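Right, one structure below, let's go through it.
Protein chains in written order, with the deposited numbering: chain G, 44 to 105; chain F, 44 to 105.
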């Protein structure tokens, strides 16, 4: 039963570390996804802008 | 002379507007160069920002 206490405390100290690391991954995964959405909207702006300049030179061509 | 003046007036008007077209193109790339420059600095830094999150996420699990 005391060997269990050593084992239980070992996994408990690892489980609380697991809780800390998992949340940190959860914290960064959300921030990465929000910054991902920043990149997703990033091209959408210039994609609209690359093809508006793509069309604006058409009049300046002919 | 008048017949060539019509050509002269046409070529002068279209080129003086073509200079406007040229500068309109210059402002066209100015945003395009800036936005591409704005993206590539943002793209590279955010990718390694994700790798930084990815590394620590890998570090916590490995």
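Just so you know, even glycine gets a beta-carbon here, dropped at the ideal spot from N, CA and C.
Contact between the stretch 84-104 of chain G and the stretch 76-84 of chain F is established, with three or more Cβ pairs separated by less than 8 Å. Between residue 74 of chain G and residue 71 of chain F, the C-beta spacing is not below 7 Å. Contact annotation for residue 58 of chain G against chain F: no contact, minimum CB-CB distance about 14 Å [criterion: below 7 Å]. Between residue 99 of chain G and residue 67 of chain F the beta-carbon gap is near 7 Å, inside 8 Å, which marks them as a contact.
CA-CA distance, residue 55 of chain F to residue 76 of chain G, rounds to 54 Å.
For a cut-off of 8 Å, the C-beta gap from residue 103 of chain G to residue 64 of chain F is around 4 Å, short enough to register as a contact. Its Cα nearest to that of residue 101 of chain F, the residue G:61 stands out among G:52, G:45, G:44, G:61. In this structure, DSSP gives residue 105 of chain G a state outside helix and strand, which the three-state scheme calls coil.
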